[PDB]
Each structure stands twice: as structure tokens, then as C-alpha cells.
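First, one chain by itself: the form deposited in one PDB entry, in C-alpha cells.
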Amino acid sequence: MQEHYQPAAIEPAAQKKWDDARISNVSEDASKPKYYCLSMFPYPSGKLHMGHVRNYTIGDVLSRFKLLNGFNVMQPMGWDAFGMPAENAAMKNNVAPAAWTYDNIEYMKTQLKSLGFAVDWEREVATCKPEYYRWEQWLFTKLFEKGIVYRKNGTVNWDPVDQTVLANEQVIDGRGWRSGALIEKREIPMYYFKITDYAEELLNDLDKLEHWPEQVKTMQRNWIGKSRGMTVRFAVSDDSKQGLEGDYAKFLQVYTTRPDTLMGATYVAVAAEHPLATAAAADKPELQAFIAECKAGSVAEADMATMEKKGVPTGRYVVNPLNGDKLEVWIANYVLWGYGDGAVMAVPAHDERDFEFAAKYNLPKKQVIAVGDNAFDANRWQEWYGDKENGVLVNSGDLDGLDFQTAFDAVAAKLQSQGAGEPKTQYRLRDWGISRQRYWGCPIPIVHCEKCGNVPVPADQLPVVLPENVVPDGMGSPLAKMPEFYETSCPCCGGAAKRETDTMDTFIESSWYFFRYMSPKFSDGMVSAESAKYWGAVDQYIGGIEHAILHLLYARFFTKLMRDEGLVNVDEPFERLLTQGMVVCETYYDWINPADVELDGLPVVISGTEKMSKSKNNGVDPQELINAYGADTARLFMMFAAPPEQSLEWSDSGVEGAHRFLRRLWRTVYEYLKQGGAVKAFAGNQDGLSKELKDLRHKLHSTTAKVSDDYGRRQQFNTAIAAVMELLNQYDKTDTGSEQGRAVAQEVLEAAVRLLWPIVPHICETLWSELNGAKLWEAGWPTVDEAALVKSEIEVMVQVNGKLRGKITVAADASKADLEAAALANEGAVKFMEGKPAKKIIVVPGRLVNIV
């Protein structure tokens, strides 16, 4: 054994040993319990950095722990390869997105190999390959014929100068980002998933997820946004019917989640496009100007809560079906058209938005809810004005005195009796828009035929292959300029037709890739039946909180869709979820990378500390750290600097500390083997061992219990490492030179290197092979010796009134109440008490009990 730790030598040799043994290339082995551990797969956008590395190190730690405990572990890796990264590089470096992507994949794959993650590379997928995306095309066509995928007109941002569709994130202040031209709202046919048909299932199945962070479940619930409410119709007053045609001539319909306050309604508000607004804006140019200002604002919810809420009265009136009140209709800019009825009632006394609107225009406030004895000034708003759980109805006639749910059901009964309303469930969830007017994405498997319509491509003809020899330039979708792509024949009638040239939202690839890893070469379906049955669901998913809503909701949706298609038999894709904290790093600037600065030879300006990312160019390349210190130093530093969920500050001094600890561990094993070579590790009955060696074994086995619980239950790796460090401090303070000393030392060292192998497997593999000839992964996770934890019993003096009357043998863990009990039953005490009770019993732990 070499004296000094050389990671540049031992880390390649350890990786070759694992690769050659194929320990991470797994099959559907029924004779082994499965464990599927998944980290969110990266975009192949150029280089991984230490942030990605923390995520994948967490996943590898968990995989290697399960591997040591006998599991058949699948830890797969792949490339989320479609999307806007490569298209933007295509406009920059004037290169094809495919070539840019495959080159980043090659570079990034070697980044991962050199960190030594226990990954089944035979299961690698790249989502931009036909062998992959043909199956999301297949599922698309199967859902399209069921109506689960459908075609309908939707709104898009059309940039008239750049001649392309823009994402909302690229429309700044009404105009295009890279052009400043005023953006047009256009209606174009697009494709949607009818995810609203699964809202209740997607909401209710969250309850099954007993091992998810409650915050992630809460965010999904809020996104789905189910509400139980009440449709309510207000009769159009007789003087207010001009210009109105149809049912709009008879009533104004709204949805409320507070029908228990319908008696508190003092006006009603309609959207600018509501037929009452347009009818009242007939002879009214100011209503016309308000309606126009509305249509030119941003309906995005981000602007909505941060916008000043305005309105104009319409001179039209409707009637409250409960108390007969005539209420004016207002046009208001916060009421959205297309979101249900496009009209709301307003109860200013019990809804904050309505209170501010009514305080602006001096509209009435009518109290219908009292929360206890609380004071109500119609002038100030109070948090309890909206209290739904502790209020009771006032000024409501028949309904005086009921709580929220009772009044809700009573209003339901009264309104249905009058045909004026009915219960109704709504969701804020909208359908999922698939269409993207972009080149670098999965083609939509639809052919447009003038006689047949929108025809799905037959399964035999899938995939619809995306041509890779394309260099986009942002001048609109290149697929729409390639007749050799879009010109085709109709699959139904054989006539001339045209392919759809839009491509799919790239969230579609990440919505089922975790099933594809189960059989990434299956040619007859998305996932084979045999492998889906074996691997079941993902046991452990690790990714950042930025994907806690859309990505996770989409994946759960696809799982149900695939289950409904008969392809898998789980309801939920991910059993456990770990949301790792962000690695953050100081930035510098024209943004300069930390590895190229020092504190041209000229200085830079040192700016703030933020999430590591290419946006501010503050990603530390792991290859730089590995060349300097080794993969194990990088892994150890990540796992030790912070609990995995807390943010982690990049730190030069943290890297050095990790490296010193690995030199320490190397030194410990070398100095041990220097003093006499490997022996059989201590095992069995420890009677006869010296106190110091018993104490070292107690430390050892309690360290084994605490590490197993930190990896397995707590998933807190920093404290597991800190625990192994304490064992070595105890070790260092123990004279292990005797024959029994060497055997305990061997036991300690054999346990430490296995306990740390999930964190730093290169050094631990190497040290283990110097200690013990067996394969580390067949020796398995260290076991806890319960006897090693039993401390020694102590003898206690039993005094009756201060005079010694006996002795008791008591356990080292014994409480004051056990001592009191054992003392009271001692034959010598019981005799010298003469049936008299105790006035007091003084317990001195470890020394004496004195009965008064």
C-alpha cells in the first residue's frame, strides 16, 4: 500500500473495477428486491457544473447505500435533449441543433463517468432520437382518437417584425423582446391534452403520497385549484335589456365560492367581452374606451394581482334572487372572459379585492357575516372579514345564524327551488397546450388532408422523423419551409396532404422517460410489460423545487394515461421525492467565470452570491475540481457542507477540508497496516475485552446505527459523515496495539470504509481491498451488534435512614424510579423498615438509595 493518497491513480482503477464487474448494469432479476433511484436528467446544454453534481451525488449516495443492503438497484441517466437551448446555439454559432446536442452529450457523459456514479449506462436514452420520441408520437395518436388530445384555436403572441410566435416570457411591456414591435394576439389551431378531465384524480391521488414533502403536494393542489361553489343567476331588470340577445337577455350568471354571502352582494362585475358590457357600450364611448384598454392589457396572473383594479358603471341592472335587490352591473378589468361565466358578484364587506374596489368608487358594503364579537367598521378591512370557518350569518333573514357549510347548503336549496342556481365544481387547471412553433422538438404526428381533415399518422408509419440537417435562424419555423418534410400523402385516402409542422412541448419527453429507462430498447411499445411489472414505480426521485409543479404534474398525468392504456399498473410514478438545495457561488464581471479570476491580469468586479448556473457564468466545472483534488473530494465536500435540502455555498476552504479528511482516512488505514498487517475483524462475545476496547466497539456500533438511519430514514448525509468522523476520533484515542486491540481496529476500519463507500466510493473501495479480500459489495452494509451497546451494570448501596442495609445490582440505564423500586424490595431494607412507610427516598444515581 502506497503511503500517500493519490486520487488521480486510484479513481480510474476503481471505476474500471466497477465497470468490469458490471455492478451497476442491472436486469429484471426476480431473485433480488428492486430499487429504482432516479435523479432528474439534465438538458445537454454544454457542461454540467457543481450544482448538477450535488443532485447526482445525492442520487448516487442513495443508490450505493441500497446496493450495499442487497438491492437490485437501477440508477439510470439520460439526456433531456429537445428544446430552446440548442435552437439558440444554432442562431449563435450557426450550427445544427442535433450536432450541438450530441457534442454536449459526449462531453457531459465523460463529466459524469469521472465522478464515478453507479449508473446503468446501458439504459442511457437521448430524447431527441427517433427510437425515443416515436413512442410519445404513438401515445399522441392513441389519445387523439379518444379525444384526450384535441385540436382547437388558441391565442398566441405574434411578433410582426421577427415573423414568429413568442413565449409570454419574451413579451416585455406589450412588445417583442428582441424587436420592440407591438405584439399581436392571434388565434391559431393548436393541440391540447384534456388534462382537466383528470383533475379530480390528479388532486385526490396526492393523498396516496405519504412520503412526499407536504409543500410539494400543497403546490400541486393549489395549481389544480379545485373549488366547490355555486352557480347563481341574476335576472336582467326590465329596463336593462336593450341590445341583449338570447340567455344574456334573461339573466346574468356568475360563479361564487361564497354563496353564504349572496345577501351581502351590492353590485356585480362583468368582463369587457361580456355581452352586457358590449350592449351597454353601444351609445357610451367611455365604456368603449374602457373595453379597449382592457383587451390591450396582460391577462397573465403575474400582472393581474400587481395591477390596479378599475371599473366603469354600465347603467344596467340585475336582481339578486335571494333578497330582490337591484344591483348595478359594472365592467371591471379584473374579470376574465373565457374563465367560466365572465361575471362575478361583489361582496365588499367580506372579500378584500371587492372592499378595495368599493372603497375606490364608494360602492355599498353590506355585512352578512359576524365572527364572534368582533368589531366591524365599514371603513377599514380586517383579516377576519373573510373568515370562512368561524363566522355566522347576520342580516340574512331565513339564513340568520348558520355557519358557512350550513348556509351554503341552504342557499343551494333555496336557489334550486327557484331555478336560480345550483352547486358547481370548478378548477383553475386549464388544458395542456402541446403545440410549439419551433424546429428542435418532437414532430406532431398529424397529416392535414383537404378531404379527410386532421388525420393521425398510423402506428406502422411512426416515427414522423425530424430532419436533423437543419440550421434554424429565428426567421420562423424551418419545418414550414421544407417541402421535403411537410409534403406527404394522406394516410386515409392517399391524396396529397401536408404534415403538421409544429413540434411538441418538451415537457412531454420528461413526462414518461422514467418508464422508458425500464426497457430503453423495446421496439414494440413505450415500455415492455415484463419490465414495467418488475420495476414498478420510481422508489426515489431527486430534483430541484423548480419542477415541483408542471413537470411533476405532467409526469403523474402521463402515468395515469399510460396506466389507462394498459401499459403500466401504477397510479403514481414517484414514491419518494427529495428536493435538493441549490449550490450557490459568487459571481463576477460581461459575466466572468470564477475559475478564470483571482483575488488579462486586470481586476474584475466581485458581485453577489447566487445559484450556480450558466446565466451568470458561475458554474464550477467538476473536471477542474477533479483534476485538482479528485472525484471523492468533490463528492465529500458536497455531501458534508450542508444538509441536502439546504443551500450550499461554494467554498475553496470547504474543498480543502474535504481533501484533508480523505488524507486522514488514507493515513489511518496505512498506519494501521504498517503496524502489522490485516487480521480477522473482531466478532462475537466481547466479555474479556478491556474497558477501552468495549468503549470503542460501543462507539462503532452506535455509529453504525446512526449512519444507517441517516442514509435510510433521515436522508441527511452531512450528519452521517460527521458521525464516522467521531468514530475515528475515538479510534485515534484508543490503544489498539494488543492482539485483541488489532482485531477491534480491523472491525472499526472495515466498518468505516463501508459506511463511507456511498459518499466516497473510490478511496473506500481501495482502502477496503487493502484491509479485506472479499468484494466490498458482497460483504454488504455493516451490521449492528446489539451486545456491543449494552453498558455495564453498577452496584448501589441501600440505606434505611442512612444506615447501610443491603446492596442492589442495577442497570447503567436505570431511572431514579427503578432504583427506588429495587431499593424497596431489597431483603435487608425491607427488614429494617419494620412495616413503616417511607417519608422520602433519596436517590443518588450510581451511588446510593436512602429510604426515610
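By rigid core we mean the largest C-alpha set that fits within 1.5 Å across both forms. Quick note: we count residues from 1 along the sequence shown, nothing fancier.
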Over the set of other compared entries for this protein, does residue 16 lack coordinates in at least a third of them? no
I want to check something about residue 54: across the other compared entries that model its neighbours, is it left unbuilt in at least a third? no
Using what the record says, work out whether there is a hole in the model between residue 375 and residue 376 and how many deposited residues it spans (none, 1 to 3, 4 to 9, 10 or more). none
How big is the unmodelled gap, if any, between residue 589 and residue 590 relative to the deposited sequence? Choose none, 1 to 3, 4 to 9, or 10 or more. 4 to 9
Would you mind comparing 184-192 and 163-171 for me and telling me which has the higher average C-alpha temperature factor in the entry? 163-171
Residue stretch of maximal mean CA temperature factor, 74-82 vs 646-654: 646-654
Identify, among 577, 280, 508, 532, the residue whose C-alpha carries the highest B-factor in the deposited PDB entry. 280
When the entry's CA B-factors for 365, 142, 123, 217 are compared, the highest one belongs to 365
Split into thirds by Cα B-factor across the chain's modelled residues, where does residue 525 land: lowest, middle or highest? middle
By the entry's values, the third containing the CA B factor of residue 199 is the lowest
Third of chain Cα B-factors occupied by residue 386: highest
Sorting by Cα B-factor within the chain, modelled residues only, which third would residue 205 end up in: lowest, middle or highest? lowest
Chain third (lowest, middle, highest) by recorded CA B-factor, residue given as residue 703: lowest
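Below: the form deposited in another entry, not depicted.
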I want to make sure I read this right: if the two forms are fitted on their rigid core, which of 207, 649, 293, 145 has a C-alpha displacement of 2 angstroms or more between this form and the one not shown? 293
Residue 758: Cα shift of 2 Å or greater between this form and the one not shown (core-aligned): no
Per-residue C-alpha change between this form and the one not shown, residue 238, threshold 2 Å, rigid core fit: yes
Core aligned, does the CA of residue 256 move at least 2 Å between this form and the one not shown? no
In the other form, the Cα separation between residue 217 and residue 304 changes by 3 Å or more relative to the shown form; did it shrink or grow? closer
Which way does the C-alpha gap of residue 614 and residue 38 go in the other form, closer or farther, given it changes by 3 angstroms or more? farther
